[PDB]
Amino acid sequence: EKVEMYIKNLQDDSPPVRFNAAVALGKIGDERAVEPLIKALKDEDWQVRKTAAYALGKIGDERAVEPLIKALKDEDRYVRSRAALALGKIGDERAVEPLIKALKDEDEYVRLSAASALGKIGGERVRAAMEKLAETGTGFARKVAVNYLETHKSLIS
């Protein structure tokens, strides 16, 4: 298993080696790379960070939920939007309120990523949060809540 070699490369001095180790850790979706890729989410380099966010969506470990919610506050637009799509893939209801706030981001790709992650999570937390947003909210968040409610009706009305 080259997993251990790629985990050590995640902490390499060379940023493209750290990047290519995150890309490879995502393809070899192993549980041995969850804590290592969670640390690469605190990388100085945005490109390593955004790749670690995708690799953590692929593994789908519940351990990545809380650090991917912190990554939703990241300075970089790719880290916010890839962290959103990773949380959509994990499907943990712990990400419902931070994904609703990400609907107000200045970045278009981050808003669309969060809207689509909420629809991929589903359940009763998202049902209740959209019912509230389609009555008390406005703008993109409002159209997302309305669209969520329309695509989730069991009847024609």
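Residue numbers run from 1 along the displayed sequence.
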Original post:
Quick one: higher average CA temperature factor, 124-132 or 51-59?
Top reply: 124-132
**OP:** Consider only the C-alpha atoms of the modelled residues in this chain, order them by B-factor as the entry records it, and name the third containing residue 14: lowest, middle or highest.
**Re:** lowest
**OP:** Quick one: classify residue 93 as lowest, middle or highest third of the chain based on its Cα B-factor.
**Re:** highest
**OP:** Compare the C-alpha B factor of residue 32 with those of the other modelled residues in its chain, then answer lowest, middle or highest third.
**Re:** highest
Original post:
Sorting the chain's CA B-factors, does residue 141 end up in the lowest, middle or highest third?
Top reply: highest
Original post:
Would the CA B-factor of residue 103 place it in the lowest, middle or highest third of its chain?
Top reply: middle
